[PDB]
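Let us start with two forms of the same protein chain, each given on its own as structure tokens and named structure 1 and structure 2.
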Structure 1
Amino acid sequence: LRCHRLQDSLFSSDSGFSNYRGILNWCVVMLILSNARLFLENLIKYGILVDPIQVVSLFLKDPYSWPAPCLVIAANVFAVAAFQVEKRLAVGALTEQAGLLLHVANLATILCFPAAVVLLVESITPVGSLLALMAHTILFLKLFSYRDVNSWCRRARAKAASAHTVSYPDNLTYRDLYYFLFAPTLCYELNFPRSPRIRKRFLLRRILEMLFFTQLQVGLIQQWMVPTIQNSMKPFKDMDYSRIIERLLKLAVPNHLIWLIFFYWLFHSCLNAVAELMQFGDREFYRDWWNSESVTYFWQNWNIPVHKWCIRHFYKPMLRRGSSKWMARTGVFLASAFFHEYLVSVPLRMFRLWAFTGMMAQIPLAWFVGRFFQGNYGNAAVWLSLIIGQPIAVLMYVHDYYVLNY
């Protein structure tokens, strides 16, 4: 025919190729080539330990100590309490007002009890504090969705009474609830999709990814960031804006890499390992936030579980139960900022209100990046907005907690 068309190079902006799966395999190949010797070393050196049954027996030796696993186990009380008020109002008792009050009390207690235990106890590690508060905020969102879905499938039955798949009143079983609580999702649903089998190879690869990226994050921190912080061990709350920026410029890129590894290690490897153990089959925990040419598209695709919980339990109901789309969006912003400063600042016992100010500054930044940049330049603007952006607030919190202790 004609050996020469009129086209564009694949790497060009106006080409629209977008088939770069292989820039991922390249990053995997290079991470492995660079960390595989050390990973086999640390795996034989740490995997040879007797961790599994010794740490559990040690914790069982002194309950009421190690208050973070104590909190995580006590969360079952709130789980069972929600299940009880549900299964009790499922038949005859607790007219909707009473059940809604019991559930609101249970939810507010899920939120305010672990915060209290964390603040009013000195023997609780901050990483364990964070695990307790994150488990309890996950449980809070899960039980909020539980209440909402059961209320819906109960109003529907009450209506239709005067006109394989499990119907409404037959899903209130401890098996069901405690499968939902460990499901990689925040939106309750009768008849979750299911995977055919367990795929031992997939689960093994997920566990390997978790171990590898854990060791990689440890490398990143201990060899790029802890040295840089220890060069000038001065808290951010006392430094000035100039010195703060001079230090954050040195700390940003390692912090960004650590956050990318958190995202992968958690929203792909950990959540897929969980969803594979208990066959879950949905497995859309994230969407392509990396090719997000705006901050608004970034937030709507980072953390798909939380976002769809938001959109169908906190934003759509506000539009229904009221008006002012603007007020719904600002309420979503408020809730997200509250949960961020509650996850980052209650474990570290700080309240400098930095995560909140960063979450705020995301707004003018979002308008800026949405208005000025487009396409791949907008995507690069979003990548900048993530390198400094919000993760720098969490970095400031952790930097202050590091230099104020060791």
Structure 2
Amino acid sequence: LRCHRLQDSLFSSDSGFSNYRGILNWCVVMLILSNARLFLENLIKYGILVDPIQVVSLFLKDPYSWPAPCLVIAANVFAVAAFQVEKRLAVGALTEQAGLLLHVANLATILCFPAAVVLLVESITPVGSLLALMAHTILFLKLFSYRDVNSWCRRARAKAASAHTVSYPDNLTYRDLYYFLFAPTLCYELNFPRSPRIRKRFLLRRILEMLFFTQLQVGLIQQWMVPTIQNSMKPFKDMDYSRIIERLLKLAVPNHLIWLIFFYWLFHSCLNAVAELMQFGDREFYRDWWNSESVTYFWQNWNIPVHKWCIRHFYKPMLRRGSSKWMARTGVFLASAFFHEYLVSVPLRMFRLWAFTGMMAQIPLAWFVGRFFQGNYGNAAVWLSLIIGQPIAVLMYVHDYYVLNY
């Protein structure tokens, strides 16, 4: 017969192969070969400690020497307040308008309370402040979704009244609320899927991944970025465009590797360990944002929880009350910009309005990268826009904070 068809090479720009589940394993085996000795040593060095019980005792002993773990616990009063308004509204008291009013007040409190606490307390640490604010914004989004879902189901029951799974009002229990609050999802939904069992092997591999990547990220920072920042210490507040760009083009690639490591550390190790502990079963926190040949396709697959929340609690609910689809999309982007700014600035007390500018510039950049570049070159443009792009904003914040405190 024949032995020579007419085909193309697999790496060729037009073959359509896309089966590279051996390049990720190559990255894994090379990372292990390079850092396994140090990881084993550091694990034996920092595993002999009894951190959890000693630290929780040292904290409960003095509930004023750690204000961030105090705010994390104080958010429970907002959780319980939302639950109480919801239960009263389900029984019948506090008619719909009053219920919406109370929930708006409670959510505005969830936001503007820890901002004031970390802006009017000087004994608090930036990392602790950031974790407090992140717990509170996650609680805010979760409670917004809780309110929306219970509103929908209650109005559905009321409409039906004029004529194993769980119906509307029988879900309002504290066990339900506190399984939802700790679940790896910002989208509330009755009858969350479940997994069969715990899979100890899986949880062990995930915790190993968390520890290994923590060590890797600390090494990256303390051996590639701190030395580079200390090479020429001048805050980005005053430097002109030339100098700020010349500094960022040297600080960008280590920043990008830290970003990728942190993506894998959170969105696949932390969330998967959580969702495995308490069987959650969805376990789809990202999609192929890496082979994303457009900016608008990157944001749809990066950080799936926040994105599906944005969709079905801010974009579709605003298209229902038809509001100029373009305007509602701009509103989605505006809310996300505000939240990125509020997360990065307030812990550092800075108000340069930079992460806001990045998230807003994501619109013209989307138009640009869509109209000009296409295919694999569009993908390379998206990667370039992630190397400098938006993460450089958080880099600028942390750098100008480190250059003024050490």
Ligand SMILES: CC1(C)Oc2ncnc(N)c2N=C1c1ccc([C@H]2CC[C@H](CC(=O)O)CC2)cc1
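Structure 1's sequence is the ruler for residue numbers, which start at 1. The term rigid core refers to the maximal set of C-alpha atoms that superpose within 1.5 Å between the two forms.
Quiz item: Which of the two structures shown, 1 or 2, corresponds to the form deposited without the ligand?
Solution: The chain shown as structure 1 is the form deposited without the ligand.
Quiz prompt | Core superposition result - C-alpha of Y64, shift between structure 1 and structure 2, Å | solution = Looking at the C-alpha of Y64 between structure 1 and structure 2, the offset is 2.4 Å.
Quiz item: With both forms fitted on the core, how large is the C-alpha shift of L120 between structure 1 and structure 2 in Å?
Solution: In the core superposition between structure 1 and structure 2, the C-alpha of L120 moves 0.6 Å.
Practice problem: For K234, tell me the Cα shift between structure 1 and structure 2 once the rigid core is superposed, in Å to one decimal. | Solution: Its C-alpha position differs by 1.1 Å.
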